[PDB]
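S.K.: got an experimental structure here, sequence first:
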Amino acid sequence: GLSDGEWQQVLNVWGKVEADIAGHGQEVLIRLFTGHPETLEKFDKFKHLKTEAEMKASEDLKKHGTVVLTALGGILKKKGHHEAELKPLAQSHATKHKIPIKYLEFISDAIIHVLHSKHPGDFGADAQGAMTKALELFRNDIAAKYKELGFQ
Ligand code: HEM
């Protein structure tokens, strides 16, 4: 649960991402894959990437980063009223991709890391607080659907 002022902060931060969605999306995925190499094994289309240079050169990885962040932005713009947008993603991630909730924690922390890396000194304590709460709400509502499905 976020206040209006907290949502305002989230959507202000999100404007930074929307100026360069592919570059942000690329860096989020590279931070996830290099920091948590087990996550790469869930992607049949990325498991061939052995080095970060290959990851950086991969146009398909940047494309998937765009898909991911576009979906997340659509959810965030709902300011918590996201049941219809979140349900299919929870279902695909539990039943088809088999992504444990732990990896959603990993990508959440990776988003924070990338924001500080690309906007140093311009991602303030209030903005980090509100963005963190929004990612927690997203993860928690996914977790409820995972529990319904019995997925661990
Ligand atoms: C911010 C959280 C994330 C968002 C919003 C997101 C969004 C998406 C979307 C929109 C798709 C395509 C449609 C679908 O299959 O449902 C996708 C595919 C996928 N997601 Fe996620 N995702 C997230 C986190 C993750 C994480 C943590 C992993 C793995 C570590 C992951 C693994 C995948 C895989 C395996 C695919 C299929 C790729 C394909 O083969 O083309 N997702 N995701």
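M.R.: It's in. Numbers count the residues shown, from 1 in each chain.

S.K.: so which residues on the protein come close to the ligand?
M.R.: Within the chain, the positions lying close to the ligand (CB under 6 Å from any ligand atom) are 39, 42-43, 45, 67-68, 71-72, 89, 92-93, 97, 99, 103-104, 107. C-beta coordinates here come from the backbone N, C-alpha and C atoms, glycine included.

S.K.: show me which of the residues you listed are buried.
M.R.: Of the members of these, the ones counted as buried by neighbours, 16 or more other CB atoms under 10 Å, are 39, 68, 72, 89, 93, 99, 103-104, 107.

S.K.: straight-line length of stretch 69-88, end to end?
M.R.: Taking CA to CA, to the nearest Å as the measure, stretch 69-88 stretches 16 Å from start to finish.

S.K.: and it, how far from the chain's centre?
M.R.: Taking the mean C-alpha point of stretch 69-88 and that of its whole chain, the gap between them comes to 12 Å (CA atoms, centre = their mean, to the nearest Å).

S.K.: hmm, who's touching it?
M.R.: Contact partners of stretch 69-88, identified using CB atoms under 8 Å, 6 or more residues apart in numbering, comprise 1-2, 7, 10-11, 14, 17-18, 21, 24-25, 28, 89, 134, 137-138, 141-142, 145.

S.K.: rerun at 10 Å
M.R.: Contacting residues not belonging to stretch 69-88 are listed as 1-2, 4, 6-8, 10-11, 13-14, 17-18, 21-22, 24-26, 28-29, 89, 107-108, 111, 131, 134-135, 137-138, 141-142, 144-145 [CB atoms under 10 Å, 6 or more residues apart in numbering].

S.K.: measure residue 18 to residue 45 for me?
M.R.: Going from residue 18 to residue 45 by CB to CB, to the nearest Å gives 25 Å.

S.K.: buried ones in the helix or strand hosting residue 127, by neighbour count?
M.R.: In this assignment (DSSP states H and E), residue 127 forms part of helix 125-149. Residues of helix 125-149 classed as buried by neighbour count (16+ other CB under 10 Å): 127, 130-131, 133-135, 137-138, 141-142, 145-146.

S.K.: so what's the residue count around residue 70?
M.R.: Taking other CB atoms under 10 Å as the neighbour definition, residue 70 ends up with a count of 13.

S.K.: right, I'll call it a day here.
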